[PDB]
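Engineer: For reference, the file protein_14.pdb (PDB, C-alpha atoms and all ligand atoms) is included below:
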ATOM      1  CA  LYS A   1       3.412  13.555   5.105
ATOM      2  CA  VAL A   2       3.079  13.612   1.319
ATOM      3  CA  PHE A   3       6.067  12.041  -0.445
ATOM      4  CA  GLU A   4       7.531  13.302  -3.744
ATOM      5  CA  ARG A   5       7.712  10.508  -6.350
ATOM      6  CA  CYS A   6      11.448   9.850  -6.444
ATOM      7  CA  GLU A   7      11.865  10.365  -2.685
ATOM      8  CA  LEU A   8       9.343   7.524  -2.120
ATOM      9  CA  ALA A   9      10.919   5.327  -4.837
ATOM     10  CA  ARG A  10      14.337   5.564  -3.131
ATOM     11  CA  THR A  11      12.734   4.860   0.265
ATOM     12  CA  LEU A  12      10.951   1.675  -0.930
ATOM     13  CA  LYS A  13      14.086   0.381  -2.602
ATOM     14  CA  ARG A  14      16.016   0.733   0.725
ATOM     15  CA  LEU A  15      13.158  -1.103   2.464
ATOM     16  CA  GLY A  16      13.542  -4.037   0.081
ATOM     17  CA  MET A  17      10.369  -3.792  -2.003
ATOM     18  CA  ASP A  18      12.062  -4.177  -5.385
ATOM     19  CA  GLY A  19      11.173  -7.706  -6.542
ATOM     20  CA  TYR A  20       9.506  -8.637  -3.209
ATOM     21  CA  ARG A  21       7.550 -11.841  -3.921
ATOM     22  CA  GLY A  22       8.034 -11.016  -7.606
ATOM     23  CA  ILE A  23       6.616  -7.484  -7.495
ATOM     24  CA  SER A  24       8.678  -4.763  -9.178
ATOM     25  CA  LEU A  25       9.284  -1.407  -7.524
ATOM     26  CA  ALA A  26       7.276   0.341 -10.274
ATOM     27  CA  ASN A  27       4.255  -1.784  -9.319
ATOM     28  CA  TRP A  28       4.467  -0.669  -5.660
ATOM     29  CA  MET A  29       4.825   2.988  -6.811
ATOM     30  CA  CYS A  30       1.752   2.531  -9.081
ATOM     31  CA  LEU A  31      -0.235   1.126  -6.138
ATOM     32  CA  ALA A  32       0.733   3.898  -3.678
ATOM     33  CA  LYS A  33      -0.088   6.500  -6.327
ATOM     34  CA  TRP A  34      -3.685   5.333  -6.960
ATOM     35  CA  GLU A  35      -4.324   4.389  -3.356
ATOM     36  CA  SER A  36      -3.212   7.497  -1.458
ATOM     37  CA  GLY A  37      -1.461   9.904  -3.846
ATOM     38  CA  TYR A  38       1.654   9.131  -1.758
ATOM     39  CA  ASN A  39      -0.021  10.549   1.420
ATOM     40  CA  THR A  40       0.762   8.775   4.673
ATOM     41  CA  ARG A  41      -2.251  10.287   6.483
ATOM     42  CA  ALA A  42      -4.841   9.097   3.911
ATOM     43  CA  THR A  43      -7.939   7.354   5.299
ATOM     44  CA  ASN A  44     -10.991   5.915   3.512
ATOM     45  CA  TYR A  45     -14.119   4.770   5.357
ATOM     46  CA  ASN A  46     -16.078   1.980   3.594
ATOM     47  CA  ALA A  47     -19.647   2.705   4.747
ATOM     48  CA  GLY A  48     -20.704  -0.519   3.014
ATOM     49  CA  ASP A  49     -18.768  -2.922   5.255
ATOM     50  CA  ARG A  50     -17.799  -0.645   8.160
ATOM     51  CA  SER A  51     -14.053  -1.030   7.553
ATOM     52  CA  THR A  52     -11.446   1.721   6.991
ATOM     53  CA  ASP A  53      -8.375   1.826   4.680
ATOM     54  CA  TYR A  54      -5.299   3.427   6.251
ATOM     55  CA  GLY A  55      -2.127   5.047   5.053
ATOM     56  CA  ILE A  56       0.023   5.203   1.966
ATOM     57  CA  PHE A  57      -0.991   1.705   0.916
ATOM     58  CA  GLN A  58      -4.654   1.987   2.140
ATOM     59  CA  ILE A  59      -4.383  -1.129   4.292
ATOM     60  CA  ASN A  60      -7.847  -2.387   5.285
ATOM     61  CA  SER A  61      -8.894  -2.754   8.927
ATOM     62  CA  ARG A  62     -10.925  -5.928   8.425
ATOM     63  CA  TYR A  63      -7.799  -8.118   8.123
ATOM     64  CA  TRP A  64      -4.512  -6.292   8.571
ATOM     65  CA  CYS A  65      -4.523  -3.778  11.458
ATOM     66  CA  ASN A  66      -6.673  -3.155  14.574
ATOM     67  CA  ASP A  67      -8.863  -0.036  14.852
ATOM     68  CA  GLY A  68     -11.251  -1.680  17.335
ATOM     69  CA  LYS A  69     -14.409  -0.450  15.491
ATOM     70  CA  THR A  70     -14.322  -2.982  12.617
ATOM     71  CA  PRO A  71     -16.729  -5.923  13.168
ATOM     72  CA  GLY A  72     -15.391  -9.437  12.638
ATOM     73  CA  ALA A  73     -11.894  -8.075  12.078
ATOM     74  CA  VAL A  74      -8.499  -9.720  12.419
ATOM     75  CA  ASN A  75      -5.099  -7.965  12.755
ATOM     76  CA  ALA A  76      -2.720 -10.012  10.632
ATOM     77  CA  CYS A  77       0.048  -7.358  10.784
ATOM     78  CA  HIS A  78      -0.111  -7.082  14.601
ATOM     79  CA  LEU A  79      -0.345  -3.310  14.349
ATOM     80  CA  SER A  80      -2.717  -0.600  15.504
ATOM     81  CA  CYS A  81      -4.211   1.046  12.368
ATOM     82  CA  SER A  82      -2.828   4.172  14.038
ATOM     83  CA  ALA A  83       0.713   3.220  13.040
ATOM     84  CA  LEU A  84      -0.219   3.522   9.368
ATOM     85  CA  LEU A  85      -1.020   7.216   9.706
ATOM     86  CA  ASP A  86       2.318   8.583  10.915
ATOM     87  CA  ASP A  87       5.253   9.769   8.779
ATOM     88  CA  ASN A  88       7.401   6.596   9.040
ATOM     89  CA  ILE A  89       6.484   3.942   6.455
ATOM     90  CA  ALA A  90       8.723   1.230   7.830
ATOM     91  CA  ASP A  91       5.798  -0.596   9.495
ATOM     92  CA  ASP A  92       3.484   0.194   6.549
ATOM     93  CA  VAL A  93       5.966  -1.624   4.309
ATOM     94  CA  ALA A  94       6.355  -4.592   6.685
ATOM     95  CA  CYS A  95       2.543  -4.865   6.624
ATOM     96  CA  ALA A  96       2.241  -4.476   2.820
ATOM     97  CA  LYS A  97       4.760  -7.313   2.536
ATOM     98  CA  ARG A  98       2.524  -9.406   4.805
ATOM     99  CA  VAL A  99      -0.517  -8.695   2.573
ATOM    100  CA  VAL A 100       1.187  -9.974  -0.590
ATOM    101  CA  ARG A 101       2.323 -13.095   1.231
ATOM    102  CA  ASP A 102      -1.358 -14.244   1.026
ATOM    103  CA  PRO A 103      -2.553 -16.344  -1.956
ATOM    104  CA  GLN A 104      -3.957 -13.306  -3.812
ATOM    105  CA  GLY A 105      -0.765 -11.177  -3.576
ATOM    106  CA  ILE A 106      -1.009  -7.616  -4.902
ATOM    107  CA  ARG A 107      -4.352  -8.418  -6.600
ATOM    108  CA  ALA A 108      -5.661  -7.908  -3.044
ATOM    109  CA  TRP A 109      -5.921  -4.244  -4.022
ATOM    110  CA  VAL A 110      -8.521  -3.726  -6.760
ATOM    111  CA  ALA A 111      -6.939  -0.393  -7.793
ATOM    112  CA  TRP A 112      -3.794  -2.329  -8.931
ATOM    113  CA  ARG A 113      -5.841  -4.436 -11.368
ATOM    114  CA  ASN A 114      -7.680  -1.344 -12.549
ATOM    115  CA  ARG A 115      -4.801   1.044 -12.779
ATOM    116  CA  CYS A 116      -1.534  -0.917 -12.905
ATOM    117  CA  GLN A 117      -1.842  -4.478 -14.272
ATOM    118  CA  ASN A 118      -0.631  -4.962 -17.872
ATOM    119  CA  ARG A 119       0.284  -1.317 -18.123
ATOM    120  CA  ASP A 120       3.610   0.306 -18.920
ATOM    121  CA  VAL A 121       4.413   1.459 -15.333
ATOM    122  CA  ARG A 122       7.968   2.710 -15.964
ATOM    123  CA  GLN A 123       6.650   6.240 -15.640
ATOM    124  CA  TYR A 124       6.474   5.822 -11.850
ATOM    125  CA  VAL A 125      10.222   5.231 -11.411
ATOM    126  CA  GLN A 126      11.909   6.982 -14.368
ATOM    127  CA  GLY A 127      14.642   9.423 -13.355
ATOM    128  CA  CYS A 128      14.563   8.407  -9.687
ATOM    129  CA  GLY A 129      17.867   6.559  -9.830
ATOM    130  CA  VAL A 130      16.444   3.329  -8.346
TER     131      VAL A 130
HETATM  132 CA    CA A 201       3.786   4.068   9.801
END
Reformat the file's structure so that it appears as structure tokens.
Ligand SMILES: [Ca+2]

Structural biologist:
Amino acid sequence: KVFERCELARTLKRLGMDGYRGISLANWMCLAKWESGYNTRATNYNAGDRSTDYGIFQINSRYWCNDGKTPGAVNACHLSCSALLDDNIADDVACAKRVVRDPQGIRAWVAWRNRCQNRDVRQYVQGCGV
């Protein structure tokens, strides 16, 4: 499913992402935007390391979910990568929260540093009533 901007913003707020481990809602919106374009079915194969990025947050199969075909992989979220491709982002969110609980936090996603860090990210939540 492809979310509309404000519809996702309101969903994330309900799911408790605003201020999670110090990360503002606008940051999470910025990340979802550059990672998947707000598409829950998004998938990216990394030919280079044989891992795949899944879902709205492009969660990588080497560490966070199990797809069975990633060598030397762990499944820190205790989820099938499969679960990150449906239309319900409740587990995606629970997993994203798990990612940022690691030392690195949101920096774990290079697109955040490239596209969101030290930027005015208000654009992503303006007018959404969140
Ligand atoms: Ca899901």

Engineer: Taking the file as shown, find all residues satisfying the PyMOL selection byres (((chain A and resi 82) around 9) and not hetatm) and write them as a list in words.

Structural biologist: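 Residues picked by the PyMOL selection byres (((chain A and resi 82) around 9) and not hetatm): residues 54, 65, 66, 67, 79, 80, 81, 83, 84, 85 and 86 of chain A.
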
Engineer: Starting from the PyMOL selection byres (((chain A and resi 107-124) around 7) and not hetatm), expand the selection into actual residues of this file and give them as JSON, numbers by chain.

Structural biologist: {"A": [26, 27, 29, 30, 31, 34, 104, 105, 106, 125, 126]}

Engineer: Selected by the PyMOL selection byres (((chain A and resi 3) around 10) and not hetatm) in the shown coordinates: which residues, as an NGL selection string?

Structural biologist: :A and (1-2 or 4-9 or 11 or 37-40 or 56 or 87)

Engineer: Tell me which of A:19, A:57, A:48, A:100 sits closest to residue 36 of chain A, counting all atoms listed in the file.

Structural biologist: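 Using all atoms listed in the file, the shortest distance to residue 36 of chain A belongs to A:57.
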
Engineer: Of the candidates A:22, A:52, A:130, A:88, which one gets nearest to residue 73 of chain A if we count all atoms listed in the file?

Structural biologist: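 Closest candidate: A:52.
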
Engineer: With 6 Å of padding per side, what axis-aligned box (centre and edge lengths, Å, one decimal) covers all the listed atoms of segment 32-43 of chain A? Give it as lines of an AutoDock Vina configuration file.

Structural biologist:
center_x = -3.1
center_y = 7.2
center_z = -0.2
size_x = 21.6
size_y = 18.7
size_z = 25.4

Engineer: Between A:45, A:50, A:14, A:91, which is the closest to residue 71 of chain A once you count all atoms listed in the file?

Structural biologist: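 That would be A:50, the residue with the smallest distance to residue 71 of chain A.
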
Engineer: Might you pull out every residue within 7 Å of residue 51 of chain A, with all atoms listed in the file counted and same-chain residues fewer than 2 positions away left off, and present them as a list in words?

Structural biologist: residues 45, 46, 49, 53, 60, 61, 62 and 70 of chain A

Engineer: Would you mind reading off the distance between atom CA of residue 16 of chain A and atom CA of residue 99 of chain A, one decimal, in Å?

Structural biologist: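 Here the two named atoms are 15.0 Å from each other.
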
Engineer: Just how far from atom CA of residue 10 of chain A is atom CA of residue 25 of chain A, in Å to one decimal?

Structural biologist: 9.7 Å

Engineer: Of the candidates A:21, A:13, A:41, A:33, which shows the shortest atom-to-atom distance to ligand CA 201 (chain A), using only C-alpha atoms and all ligand atoms?

Structural biologist: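 Of the candidates, the smallest distance to ligand CA 201 (chain A) is held by A:41.
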
Engineer: Between A:74, A:93, A:15, A:23, single out the one closest to ligand CA 201 (chain A), counting only C-alpha atoms and all ligand atoms.

Structural biologist: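 When distances to ligand CA 201 (chain A) are compared using only C-alpha atoms and all ligand atoms, the smallest one comes from A:93.
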
Engineer: If you measure from atom CA of residue 103 of chain A to atom CA of residue 43 of chain A, what distance in Å do you get, rounded to one decimal?

Structural biologist: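 Rounded to one decimal, the two atoms are 25.4 Å apart.
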
Engineer: Which residue, A:78, A:17, A:64, A:12, has the smallest gap to residue 97 of chain A when you use all atoms listed in the file?

Structural biologist: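 Between A:78, A:17, A:64, A:12, the residue approaching residue 97 of chain A most closely is A:17.
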
Engineer: Could you give me segment 36-53 of chain A completed to N, CA and C atoms, formatted as a PDB file, keeping the file's coordinate frame?

Structural biologist:
ATOM      1  N   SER A  36      -3.284   6.343  -2.306  1.00  0.00           N
ATOM      2  CA  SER A  36      -3.212   7.497  -1.458  1.00  0.00           C
ATOM      3  C   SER A  36      -2.666   8.783  -2.045  1.00  0.00           C
ATOM      4  N   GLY A  37      -2.123   8.715  -3.249  1.00  0.00           N
ATOM      5  CA  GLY A  37      -1.461   9.904  -3.846  1.00  0.00           C
ATOM      6  C   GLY A  37      -0.177  10.163  -3.054  1.00  0.00           C
ATOM      7  N   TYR A  38       0.418   9.099  -2.531  1.00  0.00           N
ATOM      8  CA  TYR A  38       1.654   9.131  -1.758  1.00  0.00           C
ATOM      9  C   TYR A  38       1.474   9.858  -0.433  1.00  0.00           C
ATOM     10  N   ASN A  39       0.316   9.884   0.170  1.00  0.00           N
ATOM     11  CA  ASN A  39      -0.021  10.549   1.420  1.00  0.00           C
ATOM     12  C   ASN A  39      -0.065   9.538   2.554  1.00  0.00           C
ATOM     13  N   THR A  40       0.769   9.719   3.564  1.00  0.00           N
ATOM     14  CA  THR A  40       0.762   8.775   4.673  1.00  0.00           C
ATOM     15  C   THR A  40      -0.448   8.904   5.587  1.00  0.00           C
ATOM     16  N   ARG A  41      -1.092  10.039   5.586  1.00  0.00           N
ATOM     17  CA  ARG A  41      -2.251  10.287   6.483  1.00  0.00           C
ATOM     18  C   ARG A  41      -3.584   9.883   5.865  1.00  0.00           C
ATOM     19  N   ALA A  42      -3.617   9.478   4.627  1.00  0.00           N
ATOM     20  CA  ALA A  42      -4.841   9.097   3.911  1.00  0.00           C
ATOM     21  C   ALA A  42      -5.680   8.063   4.664  1.00  0.00           C
ATOM     22  N   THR A  43      -7.008   8.318   4.666  1.00  0.00           N
ATOM     23  CA  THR A  43      -7.939   7.354   5.299  1.00  0.00           C
ATOM     24  C   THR A  43      -9.229   7.314   4.449  1.00  0.00           C
ATOM     25  N   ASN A  44      -9.749   6.116   4.294  1.00  0.00           N
ATOM     26  CA  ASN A  44     -10.991   5.915   3.512  1.00  0.00           C
ATOM     27  C   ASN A  44     -11.948   5.001   4.285  1.00  0.00           C
ATOM     28  N   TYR A  45     -13.084   5.534   4.646  1.00  0.00           N
ATOM     29  CA  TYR A  45     -14.119   4.770   5.357  1.00  0.00           C
ATOM     30  C   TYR A  45     -15.024   4.099   4.316  1.00  0.00           C
ATOM     31  N   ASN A  46     -15.216   2.805   4.472  1.00  0.00           N
ATOM     32  CA  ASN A  46     -16.078   1.980   3.594  1.00  0.00           C
ATOM     33  C   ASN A  46     -17.414   1.853   4.339  1.00  0.00           C
ATOM     34  N   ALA A  47     -18.349   2.750   4.038  1.00  0.00           N
ATOM     35  CA  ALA A  47     -19.647   2.705   4.747  1.00  0.00           C
ATOM     36  C   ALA A  47     -20.375   1.357   4.614  1.00  0.00           C
ATOM     37  N   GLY A  48     -20.173   0.755   3.486  1.00  0.00           N
ATOM     38  CA  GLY A  48     -20.704  -0.519   3.014  1.00  0.00           C
ATOM     39  C   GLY A  48     -20.348  -1.694   3.886  1.00  0.00           C
ATOM     40  N   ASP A  49     -19.097  -1.754   4.399  1.00  0.00           N
ATOM     41  CA  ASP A  49     -18.768  -2.922   5.255  1.00  0.00           C
ATOM     42  C   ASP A  49     -18.264  -2.488   6.621  1.00  0.00           C
ATOM     43  N   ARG A  50     -18.246  -1.219   6.886  1.00  0.00           N
ATOM     44  CA  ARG A  50     -17.799  -0.645   8.160  1.00  0.00           C
ATOM     45  C   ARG A  50     -16.305  -0.846   8.427  1.00  0.00           C
ATOM     46  N   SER A  51     -15.533  -0.902   7.338  1.00  0.00           N
ATOM     47  CA  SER A  51     -14.053  -1.030   7.553  1.00  0.00           C
ATOM     48  C   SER A  51     -13.444   0.304   7.100  1.00  0.00           C
ATOM     49  N   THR A  52     -12.172   0.506   7.435  1.00  0.00           N
ATOM     50  CA  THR A  52     -11.446   1.721   6.991  1.00  0.00           C
ATOM     51  C   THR A  52     -10.077   1.265   6.397  1.00  0.00           C
ATOM     52  N   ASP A  53      -9.646   2.000   5.400  1.00  0.00           N
ATOM     53  CA  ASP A  53      -8.375   1.826   4.680  1.00  0.00           C
ATOM     54  C   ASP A  53      -7.446   2.937   5.256  1.00  0.00           C
TER      55      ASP A  53
END
